[PDB]
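Here the structure comes first, spelled out in structure tokens, and everything after it is commentary.
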Amino acid sequence: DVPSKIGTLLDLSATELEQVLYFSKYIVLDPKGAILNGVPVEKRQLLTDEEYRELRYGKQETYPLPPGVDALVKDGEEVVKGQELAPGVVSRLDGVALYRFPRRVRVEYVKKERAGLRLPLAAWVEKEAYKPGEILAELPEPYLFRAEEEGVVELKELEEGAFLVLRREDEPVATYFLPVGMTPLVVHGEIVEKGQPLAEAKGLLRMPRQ
Amino acid sequence: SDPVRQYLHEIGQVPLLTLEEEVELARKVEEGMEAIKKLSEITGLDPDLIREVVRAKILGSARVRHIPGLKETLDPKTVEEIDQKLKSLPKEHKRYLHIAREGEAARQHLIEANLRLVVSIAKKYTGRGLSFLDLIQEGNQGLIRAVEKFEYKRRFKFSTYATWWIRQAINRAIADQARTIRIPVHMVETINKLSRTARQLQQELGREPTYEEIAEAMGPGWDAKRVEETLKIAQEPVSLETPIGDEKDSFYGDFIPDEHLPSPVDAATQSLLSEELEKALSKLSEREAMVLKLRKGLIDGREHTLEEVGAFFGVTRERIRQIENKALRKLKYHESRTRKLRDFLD
Amino acid sequence: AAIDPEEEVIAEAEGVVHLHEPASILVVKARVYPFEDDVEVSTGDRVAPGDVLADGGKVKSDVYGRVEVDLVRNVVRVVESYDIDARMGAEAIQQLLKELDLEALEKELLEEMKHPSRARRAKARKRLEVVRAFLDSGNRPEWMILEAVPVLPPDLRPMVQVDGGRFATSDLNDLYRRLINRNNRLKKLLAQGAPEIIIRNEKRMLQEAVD
DNA sequence: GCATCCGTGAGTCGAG
DNA sequence: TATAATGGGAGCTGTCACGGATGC
Ligand SMILES: [Mg+2]
């Protein structure tokens, strides 16, 4: 009934009191140090649902990843607005990106083993240890690494470089590690007598990255 | 402005769940309930009280109210006591608290997520005696039942199990509400079945079926009398404000006489009756007049036995009944004489 | 983990885990607080800066926000938010009406009455008439909001059997029934802890029922 | 200051 | 109690005669 008495006492326009009573908009009793768009929230301010959700429950957004496309960012790692989350995705806000329902889980298994290799004494560079990528030796002429045991060959080729494991019956009698720059001359499940070339080292040879 | 559009907008705010998100939320809910159970086993508290406390803390102090099923009044004091005793648990035990909270959050997000399905189901129930929004809210109750009863292990989408409970709650509402005079739900079922039967019969016969035809069509136990009594008992009331005319002038209730309050004529005749009876009772002695007056209950409005009037007048029941007899007899003589009291007999 | 035990993925030997190809990516503004020890706050608790969370108080909160406890990632997360109180409906309005101190508003508007502008003087008068009305009356403004809704005596809204043996009744009965139904449904919806967007709808429908 | 919007009024008895 | 089902429809049109509130 105009002029509204409730609206009059509280200094609220018809539209405002309508919005509050009929649940179009929130009205703030105790801002509790709230801030919206840089300005602090004054008591008896009108907030939409977007604004009240942003203020009270915090801001967030989810973005889809097309199937078979890996994320360009890591779980838990901070992001800046505009920074591309993926080749097809650009984040609208700043914050902590989180992974939602990962399709592929890759497990890197730790392996600590022991393997021998024989090299010409002139070519070798003496070192107490070899870090990845570091040069193991330098060979002036093609050299043939020869088998020091007899048995069946287990050949496993890593990302770069490889491993040979010789076994008689079910028990391995040898383990050789072939670093980068050495081409294996044998295949998996092959029989090698002592002295025949397992591989060929040529030119420089270095440790693999893995 | 339009409440329906507004609610459809608010519903349009929360996005729809992928199969993954759905299964995740479901799982979190179930495991949350399990967590509350185990937590009640550990603490020795009531699983209900615990659930209400966890729920309270998730929703905030914005919603705190006493629950009818709870034996304690639920207020921020008591929920703080309980929450603090929950915070005093060892790491492995205090873990179940976090599980519970996660569960509740998952539940809320689940309901809010699936709110659209309720609308899409209830839009088909319009016109059955309930408002669109009422239907929507009842369907929401159904949705809640679905969430609390759902098991993700069956690898079913949420929609399939939800739809059943939603439809059930809506139907229950329609049955329990839309009649001004409430009728039991089974009875409403019988009435609607009677209606479908009658409509089928009218579609085959090309005319409105008689009571006997419907009786025969309803199988055994149903005669014409049963059909008629069922229809009669199903009769809805009519508005007193229904207009009887072209103009705003006539209301139906304006034609309805009040039978309750006595008419001036009836009142005056009752008065003259009391007066004439006092006239004829004064023609007796005060003792016999008082005995008659106590026996017919003119004094207190109730009739005393022979033992009570005999104990009050200090005579035997035979004696008090005897003076009652002679009083009544003298009254019969006086009435045969003056004939004043004959006209009051209708 | 999975539904059926034989579909589970168990780690054969020692190694580290790498997550690839997420179904989606959720970007949230939040502050991360890793923990090695039993955490003192659970999920849902609201927290200001300088609050104890985990590790017996060693790790605290930098910002204002809401606590999400991650047991999987072993980190307490805080989504930046306030405690801000904002309501809707006649409860909020009843609050604002209760909060009003009349004499203060009277005097403020009196100061407003000396202003040169004609319009402002006018509005100040219009308001002051209301304020002074409530003041001199002895009636509290908050009574303009209803808690207990009165019910008209039945005889004044009859349910009566007419000549034919049929019932005729007043519309106030249907209105009262609407009110009572929506109300009770609200009480049960609250008792069961339904989400917002439900309770909101119910409350709105309740107000429209009373109207 | 002057166009514009929203709510509230628009005869009596009779019969119906 | 479990295939899955995820945003509603009808408006309704030849009165002024306005009153006070609201708007460039
Ligand atoms: Mg039969």
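In the structure tokens, chains take letters A, B, ... by order of appearance, with residues numbered from 1 within each chain and ligands from 1 in the order shown.
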**At most 7 Å from ligand 1 (only C-alpha atoms (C1' of nucleotides) and all ligand atoms): residue list as a ChimeraX atom specification** = /B:215-223
**Asked** residue 3 in chain D: which residues within 12 Å, counting only C-alpha atoms (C1' of nucleotides), same-chain residues fewer than 3 positions away excluded, as number ranges by chain?
**Response** E: 22-24
**Asked** Near chain A, which residues of chain B fall within 12 Å when you count only C-alpha atoms, and what do they look like as a PyMOL selection string?
**Response** chain B and resi 1-3+5-7+9-10+13-15+17-24+59-60
**Request:** Mind giving me the straight-line distance from CA of residue 55 in chain A to CA of residue 80 in chain C in Å, one decimal?
**Result:**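 Atom-to-atom, CA of residue 55 in chain A to CA of residue 80 in chain C, that is 8.5 Å.
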**Message:** At a cut-off of 6 Å, which residues of chain C touch chain B? Count only C-alpha atoms and give the answer as a PyMOL selection string.
**Reply:** chain C and resi 38+42-44+167-170+191+195
Taking only C-alpha atoms into account, produce a table as JSON lines in which each residue of chain A with an atom at most 6 Å from an atom of chain C appears once, together with its shortest atom pair and the distance in Å to one decimal, ordered by chain and rising number.
{"residue": "A:8", "atom": "CA", "partner": "C:127", "partner_atom": "CA", "distance": 6.0}
{"residue": "A:20", "atom": "CA", "partner": "C:89", "partner_atom": "CA", "distance": 5.4}
{"residue": "A:21", "atom": "CA", "partner": "C:89", "partner_atom": "CA", "distance": 3.9}
{"residue": "A:22", "atom": "CA", "partner": "C:204", "partner_atom": "CA", "distance": 5.7}
{"residue": "A:23", "atom": "CA", "partner": "C:88", "partner_atom": "CA", "distance": 5.7}
{"residue": "A:26", "atom": "CA", "partner": "C:88", "partner_atom": "CA", "distance": 5.1}
{"residue": "A:27", "atom": "CA", "partner": "C:86", "partner_atom": "CA", "distance": 5.1}
{"residue": "A:28", "atom": "CA", "partner": "C:86", "partner_atom": "CA", "distance": 4.0}
{"residue": "A:29", "atom": "CA", "partner": "C:85", "partner_atom": "CA", "distance": 5.7}
{"residue": "A:30", "atom": "CA", "partner": "C:85", "partner_atom": "CA", "distance": 5.1}
{"residue": "A:31", "atom": "CA", "partner": "C:84", "partner_atom": "CA", "distance": 4.6}
{"residue": "A:32", "atom": "CA", "partner": "C:84", "partner_atom": "CA", "distance": 5.0}
{"residue": "A:34", "atom": "CA", "partner": "C:82", "partner_atom": "CA", "distance": 5.8}
{"residue": "A:55", "atom": "CA", "partner": "C:81", "partner_atom": "CA", "distance": 5.8}
{"residue": "A:56", "atom": "CA", "partner": "C:81", "partner_atom": "CA", "distance": 5.3}
{"residue": "A:57", "atom": "CA", "partner": "C:81", "partner_atom": "CA", "distance": 5.7}
{"residue": "A:58", "atom": "CA", "partner": "C:81", "partner_atom": "CA", "distance": 4.8}
{"residue": "A:60", "atom": "CA", "partner": "C:28", "partner_atom": "CA", "distance": 4.3}
{"residue": "A:61", "atom": "CA", "partner": "C:27", "partner_atom": "CA", "distance": 5.4}
{"residue": "A:62", "atom": "CA", "partner": "C:26", "partner_atom": "CA", "distance": 4.3}
{"residue": "A:63", "atom": "CA", "partner": "C:25", "partner_atom": "CA", "distance": 5.4}
{"residue": "A:64", "atom": "CA", "partner": "C:24", "partner_atom": "CA", "distance": 4.6}
{"residue": "A:65", "atom": "CA", "partner": "C:24", "partner_atom": "CA", "distance": 4.9}
{"residue": "A:70", "atom": "CA", "partner": "C:21", "partner_atom": "CA", "distance": 4.6}
{"residue": "A:95", "atom": "CA", "partner": "C:29", "partner_atom": "CA", "distance": 4.2}
{"residue": "A:96", "atom": "CA", "partner": "C:28", "partner_atom": "CA", "distance": 5.5}
{"residue": "A:97", "atom": "CA", "partner": "C:27", "partner_atom": "CA", "distance": 4.4}
{"residue": "A:98", "atom": "CA", "partner": "C:26", "partner_atom": "CA", "distance": 5.0}
{"residue": "A:99", "atom": "CA", "partner": "C:25", "partner_atom": "CA", "distance": 5.0}
{"residue": "A:100", "atom": "CA", "partner": "C:24", "partner_atom": "CA", "distance": 4.9}
{"residue": "A:101", "atom": "CA", "partner": "C:23", "partner_atom": "CA", "distance": 5.0}
{"residue": "A:102", "atom": "CA", "partner": "C:22", "partner_atom": "CA", "distance": 3.6}
{"residue": "A:103", "atom": "CA", "partner": "C:21", "partner_atom": "CA", "distance": 5.3}
{"residue": "A:104", "atom": "CA", "partner": "C:20", "partner_atom": "CA", "distance": 5.2}
{"residue": "A:105", "atom": "CA", "partner": "C:19", "partner_atom": "CA", "distance": 5.1}
{"residue": "A:106", "atom": "CA", "partner": "C:18", "partner_atom": "CA", "distance": 5.1}
{"residue": "A:107", "atom": "CA", "partner": "C:17", "partner_atom": "CA", "distance": 4.8}
{"residue": "A:108", "atom": "CA", "partner": "C:16", "partner_atom": "CA", "distance": 5.3}
{"residue": "A:109", "atom": "CA", "partner": "C:15", "partner_atom": "CA", "distance": 4.0}
{"residue": "A:110", "atom": "CA", "partner": "C:15", "partner_atom": "CA", "distance": 5.1}
